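The structure file query12.pdb is reproduced below (PDB, C-alpha atoms).
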```pdb
ATOM      1  CA  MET A   1       0.000   0.000   0.000
ATOM      2  CA  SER A   2       2.483   2.547   1.332
ATOM      3  CA  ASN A   3       5.947   2.596  -0.136
ATOM      4  CA  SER A   4       5.357   3.837  -3.673
ATOM      5  CA  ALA A   5       6.074   7.443  -4.440
ATOM      6  CA  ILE A   6       3.213   8.967  -2.487
ATOM      7  CA  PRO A   7       1.781   6.610   0.156
ATOM      8  CA  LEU A   8      -1.600   5.128  -0.880
ATOM      9  CA  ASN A   9      -4.667   4.229   1.096
ATOM     10  CA  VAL A  10      -5.615   0.590   1.654
ATOM     11  CA  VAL A  11      -8.699  -1.624   1.546
ATOM     12  CA  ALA A  12      -9.113  -5.382   1.520
ATOM     13  CA  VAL A  13     -11.896  -6.930  -0.504
ATOM     14  CA  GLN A  14     -13.325 -10.438  -0.103
ATOM     15  CA  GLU A  15     -13.299 -13.025  -2.824
ATOM     16  CA  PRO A  16     -16.463 -14.193  -4.476
ATOM     17  CA  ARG A  17     -16.608 -17.812  -3.231
ATOM     18  CA  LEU A  18     -16.666 -16.527   0.342
ATOM     19  CA  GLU A  19     -17.712 -13.267   2.035
ATOM     20  CA  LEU A  20     -19.253 -14.917   3.820
ATOM     21  CA  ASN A  21     -20.651 -12.672   6.495
ATOM     22  CA  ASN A  22     -21.958  -9.345   5.341
ATOM     23  CA  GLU A  23     -25.075  -7.552   6.470
ATOM     24  CA  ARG A  24     -27.850  -9.177   4.434
ATOM     25  CA  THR A  25     -31.360  -7.715   4.383
ATOM     26  CA  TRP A  26     -34.629  -9.113   3.077
ATOM     27  CA  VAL A  27     -36.201  -6.705   0.626
ATOM     28  CA  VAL A  28     -39.866  -6.499  -0.388
ATOM     29  CA  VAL A  29     -40.741  -5.227  -3.874
ATOM     30  CA  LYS A  30     -44.090  -3.401  -4.048
ATOM     31  CA  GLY A  31     -45.883  -2.164  -7.163
ATOM     32  CA  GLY A  32     -49.676  -2.263  -7.218
ATOM     33  CA  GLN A  33     -52.333  -2.882  -7.710
ATOM     34  CA  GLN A  34     -54.158  -3.598 -10.940
ATOM     35  CA  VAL A  35     -52.133  -3.670 -14.137
ATOM     36  CA  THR A  36     -53.897  -3.521 -17.462
ATOM     37  CA  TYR A  37     -53.814  -3.273 -21.197
ATOM     38  CA  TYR A  38     -56.344  -1.471 -23.398
ATOM     39  CA  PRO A  39     -56.848  -1.448 -27.119
ATOM     40  CA  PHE A  40     -58.047   1.982 -28.336
ATOM     41  CA  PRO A  41     -59.027   1.249 -31.930
ATOM     42  CA  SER A  42     -58.008   4.151 -34.104
ATOM     43  CA  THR A  43     -60.885   6.506 -34.743
ATOM     44  CA  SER A  44     -61.071   7.691 -38.340
ATOM     45  CA  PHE A  45     -58.665   5.384 -40.229
ATOM     46  CA  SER A  46     -57.607   6.104 -43.801
ATOM     47  CA  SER A  47     -54.901   5.643 -46.438
ATOM     48  CA  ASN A  48     -53.786   9.169 -45.657
ATOM     49  CA  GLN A  49     -53.777   9.163 -41.866
ATOM     50  CA  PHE A  50     -54.520   7.092 -38.789
ATOM     51  CA  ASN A  51     -55.725   9.020 -35.767
TER      52      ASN A  51
ATOM     53  CA  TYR B 253     -81.375  26.919 -63.269
ATOM     54  CA  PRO B 254     -77.879  26.199 -64.607
ATOM     55  CA  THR B 255     -75.951  24.307 -61.909
ATOM     56  CA  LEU B 256     -72.268  23.999 -61.037
ATOM     57  CA  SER B 257     -73.646  22.543 -59.088
ATOM     58  CA  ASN B 258     -74.937  19.126 -58.095
ATOM     59  CA  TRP B 259     -72.397  17.762 -60.548
ATOM     60  CA  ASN B 260     -69.172  18.330 -58.618
ATOM     61  CA  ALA B 261     -67.081  15.575 -56.981
ATOM     62  CA  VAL B 262     -65.408  18.257 -54.773
ATOM     63  CA  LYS B 263     -67.353  18.302 -51.477
ATOM     64  CA  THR B 264     -64.639  20.027 -49.422
ATOM     65  CA  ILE B 265     -60.876  20.659 -49.352
ATOM     66  CA  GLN B 266     -58.682  20.539 -46.257
ATOM     67  CA  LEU B 267     -55.280  21.958 -45.334
ATOM     68  CA  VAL B 268     -53.860  20.157 -42.299
ATOM     69  CA  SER B 269     -50.518  20.699 -40.625
ATOM     70  CA  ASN B 270     -48.988  18.243 -38.263
ATOM     71  CA  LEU B 271     -46.477  20.669 -36.892
ATOM     72  CA  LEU B 272     -47.562  24.069 -35.514
ATOM     73  CA  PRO B 273     -48.255  23.664 -31.754
ATOM     74  CA  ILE B 274     -51.935  24.288 -32.762
ATOM     75  CA  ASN B 275     -55.125  22.778 -31.299
ATOM     76  CA  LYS B 276     -56.863  19.734 -32.593
ATOM     77  CA  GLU B 277     -60.439  20.027 -33.980
ATOM     78  CA  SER B 278     -62.370  17.083 -35.459
ATOM     79  CA  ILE B 279     -63.526  16.655 -39.057
ATOM     80  CA  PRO B 280     -66.975  15.146 -39.706
ATOM     81  CA  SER B 281     -67.446  11.679 -41.298
ATOM     82  CA  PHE B 282     -69.957  10.354 -43.879
ATOM     83  CA  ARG B 283     -70.573   7.089 -42.055
ATOM     84  CA  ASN B 284     -74.012   7.439 -40.326
ATOM     85  CA  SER B 285     -73.579   4.793 -37.620
ATOM     86  CA  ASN B 286     -72.075   6.225 -35.730
ATOM     87  CA  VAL B 287     -71.752   9.893 -34.667
ATOM     88  CA  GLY B 288     -69.763  10.128 -32.270
ATOM     89  CA  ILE B 289     -66.919   9.691 -32.468
ATOM     90  CA  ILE B 290     -65.010  12.936 -32.003
ATOM     91  CA  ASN B 291     -61.520  12.493 -33.425
ATOM     92  CA  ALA B 292     -58.537  14.780 -32.705
ATOM     93  CA  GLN B 293     -55.987  16.069 -35.232
ATOM     94  CA  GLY B 294     -54.874  19.656 -36.010
ATOM     95  CA  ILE B 295     -56.886  21.154 -38.840
ATOM     96  CA  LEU B 296     -55.675  24.676 -39.843
ATOM     97  CA  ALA B 297     -57.881  26.263 -42.565
ATOM     98  CA  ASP B 298     -60.568  24.558 -44.704
ATOM     99  CA  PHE B 299     -63.559  25.577 -46.797
ATOM    100  CA  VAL B 300     -66.466  24.015 -48.742
ATOM    101  CA  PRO B 301     -66.943  24.940 -52.366
ATOM    102  CA  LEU B 302     -68.488  28.414 -52.298
ATOM    103  CA  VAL B 303     -71.616  28.486 -54.421
ATOM    104  CA  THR B 304     -71.693  30.362 -56.561
ATOM    105  CA  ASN B 305     -68.343  31.416 -57.955
ATOM    106  CA  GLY B 306     -69.577  30.226 -61.359
ATOM    107  CA  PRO B 307     -67.482  28.077 -63.655
ATOM    108  CA  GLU B 308     -64.748  28.738 -63.969
ATOM    109  CA  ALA B 309     -64.481  27.714 -60.372
ATOM    110  CA  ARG B 310     -63.299  24.419 -61.803
ATOM    111  CA  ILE B 311     -60.232  26.471 -62.768
ATOM    112  CA  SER B 312     -59.267  27.535 -59.269
ATOM    113  CA  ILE B 313     -60.435  27.937 -55.685
ATOM    114  CA  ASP B 314     -59.543  31.047 -53.710
ATOM    115  CA  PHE B 315     -60.115  32.369 -50.165
TER     116      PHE B 315
END
```

Structure encoded using structure tokens:
Amino acid sequence: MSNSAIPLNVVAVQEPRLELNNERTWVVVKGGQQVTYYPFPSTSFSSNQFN
Amino acid sequence: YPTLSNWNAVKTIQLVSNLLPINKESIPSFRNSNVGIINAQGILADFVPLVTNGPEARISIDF
């Protein structure tokens, strides 16, 4: 860490295979309530324009 | 009577512009069933044939 030119600051980081302890928290996802899909047929259709 | 008339295929003309911030007024249909159904698209200026501008009106429209 230290001992190169300017002295650097140091952190250790765990591997993947093992943390193993870190502060784990259950999370609840919440989007509601009714989800829908409508089909507004185009009023006034033509070869020139859909509206 | 002399008519120009019942004969014509021109029933309207319509300038429309899909750009200018504008406001969107509906054009009428020829459908019967039904009416309803208000539509919305910008409509700028538009006129029916003005009877009588006498033929030639077949030559040009003007407003």

Could you list, as an mmCIF file with C-alpha atoms, in the coordinates of the input, the residues of chain A having an atom within 8 Å of chain B when counting all atoms listed in the file?
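File written: result_31.cif
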```cif
data_model
loop_
_atom_site.group_PDB
_atom_site.id
_atom_site.type_symbol
_atom_site.label_atom_id
_atom_site.label_comp_id
_atom_site.auth_asym_id
_atom_site.auth_seq_id
_atom_site.Cartn_x
_atom_site.Cartn_y
_atom_site.Cartn_z
ATOM 1 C CA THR A 43 -60.885 6.506 -34.743
ATOM 2 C CA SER A 44 -61.071 7.691 -38.340
ATOM 3 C CA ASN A 51 -55.725 9.020 -35.767
#
```

Could you name the residues that touch residue 261 of chain B at 12 Å or less, counting only C-alpha atoms, but leaving out those on the same chain fewer than 5 positions away, as number ranges by chain? B: 256, 300-301, 310

Axis-aligned box over every listed atom of segment 16-24 of chain A, padded by 4 Å per side: centre and edges in Å to one decimal, as lines of an AutoDock Vina configuration file?
```
center_x = -22.2
center_y = -12.7
center_z = 1.0
size_x = 19.4
size_y = 18.3
size_z = 19.0
```

Enter the distance from atom CA of residue 257 of chain B to atom CA of residue 299 of chain B, in Å, rounded to one decimal. 16.2 Å
